[PDB]
Ligand SMILES: N#Cc1c(NC(=O)c2cccc3ccccc23)sc2c1CCN(C(=O)CCN1CCCCC1)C2
């Protein structure tokens, strides 16, 4: 037998014998994740368990798409897999999928908590931006970039771990919507620069150490957007479908704040001329990314040109989903 079973968390990991010394890394919406030693490569790996991915269409659509897109994508800032396996011997038996990647060290969340540094922040934004340009080039608009699904290594190398949305489950686990663009909040149709808003959000949070646009749901979240950035002006409303337009036009109006008050110089270092300049460039980039109207928001190409950044330059049953996924594993 080429697998063995072991009781991490309150889960069972049945993994190939090559992977030893399993220890819990963490848990998202998608699966349980363990650190392990890989004896064949003689290095450290992370292994994610997907328990019955085909249990509903959401879990299943996602699982299938992330397996196909991983194989077929290739960039240093986007997950790539070392290995994919199931311990189960037949389609009839099939239950769980295991995905193996090189071990990364931290979440972006833990990085956003660290004091502001211009070399690090710019290099991370550069990488998030090159990753996204890679996704957009391959036909992939993410639409749900959030720091929980972005990982980094001690040497500041960065990878995006998921491919976002395509196009309900009875589970109390709640999705993070804080980084979603206005055109996602308001159901508006979108293009590539939808992902710039989310990078803007992570960047603002790195400076402010507070989620910019929190809320119980999109009602709250929209209030937070308008009262800091102000009510969008007239000609953005005109691309809002009739019902959304009514609601957006009837919230209490806000002037909005200038970026200097939104991100005071007090949040940055001012100990050198270099840091003074980097501070005004950072805020200039934020001001170009946290733009409600996507027609006026900066593109991914313009952002990787910005001087803060450029120093670095579809309907199946669950029986049918089970097979599709099993096939792509074995293949
Ligand atoms: N390395 C790594 C790694 C992840 N990887 C995966 O999610 C993952 C592993 C294998 C294959 C995968 C395939 C597709 C998506 C994700 C995949 S997820 C994750 C990491 C490493 C840093 N992480 C942590 O949250 C660790 C630090 N936490 C601090 C807060 C309390 C708990 C400990 C999150």
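Here chain A follows Swiss-Prot for its numbers: 46-212, 218-363, 383-400, in order, are the residues you see.
So this one's X-ray crystallography, 2.1 Å, going by the header.
Cβ coordinates come from backbone N, Cα and C, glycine included.
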With 70, 71, 72, 73, 74, 75, 76, 77, 78 listed by Swiss-Prot as binding ATP, identify the candidate in 62, 93 belonging to that site.
93
May I ask you to name which of 143, 223, 363 Swiss-Prot has annotated as phosphotyrosine?
223
For the set 131, 221, say which residue Swiss-Prot annotates with phosphothreonine.
221
Within 10 angstroms of residue 223 (phosphotyrosine), Cα basis - recorded positions out of 70, 72, 74, 76, 78, 189:
74
Long-range neighbours only, meaning 6 or more apart in sequence with Cβ under 8 Å: which ones does residue 78 (ATP binding site) have?
69, 70, 71, 72, 91, 92, 93, 94
Filter the candidate list 72, 76, 78, 189 of recorded positions, keeping only entries whose CB is under 6 Å from an atom of ligand 1.
78
Rounded to a whole angstrom, what is the C-alpha distance between residue 221 (phosphothreonine) and residue 189 (active site, proton acceptor)?
20
Specify all same-chain residues, apart from the site residues 70, 71, 72, 73, 74, 75, 76, 77, 78, 93, whose Cβ lies within 8 angstroms of the center of the Cβ atoms of the ATP site, ordered by sequence.
94
